[PDB]
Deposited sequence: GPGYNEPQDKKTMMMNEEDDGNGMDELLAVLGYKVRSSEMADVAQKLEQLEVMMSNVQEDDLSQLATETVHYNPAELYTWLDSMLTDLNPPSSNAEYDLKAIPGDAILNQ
């Protein structure tokens, strides 16, 4: 079950995973506040879950 209100905006997020994505966004802000983008261009920007997961790894 994908969130249709986000899908129309170009983002693919399963409604059941919304909280997990929200958690990843915060975890990413945390890392950024402690701090590259070259590897970012390789990731799929529509898949927020995997995108954030990939970014979190690039940092840390």
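Asker: If a residue lacks a C-alpha atom here, it counts as unmodelled; so which stretches of the deposited sequence fall into that category?
Answerer: In sequence order, the gaps with no modelled C-alpha are 1 to 22, 58 to 64, 90 to 110.
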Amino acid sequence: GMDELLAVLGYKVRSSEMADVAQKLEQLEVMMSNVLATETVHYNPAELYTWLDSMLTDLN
From here on, numbers count along this sequence of modelled residues.
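Asker: On mean C-alpha B-factor from the PDB entry, just flag whether 3 to 11 or 51 to 59 is the higher one.
Answerer: Comparing 3 to 11 with 51 to 59, the higher mean C-alpha B-factor belongs to 51 to 59.
Asker: With reference to the PDB entry, specify whether the mean Cα temperature factor is higher for 19 to 27 or for 38 to 46.
Answerer: Of 38 to 46 and 19 to 27, the stretch with the higher C-alpha B-factor average is 38 to 46.
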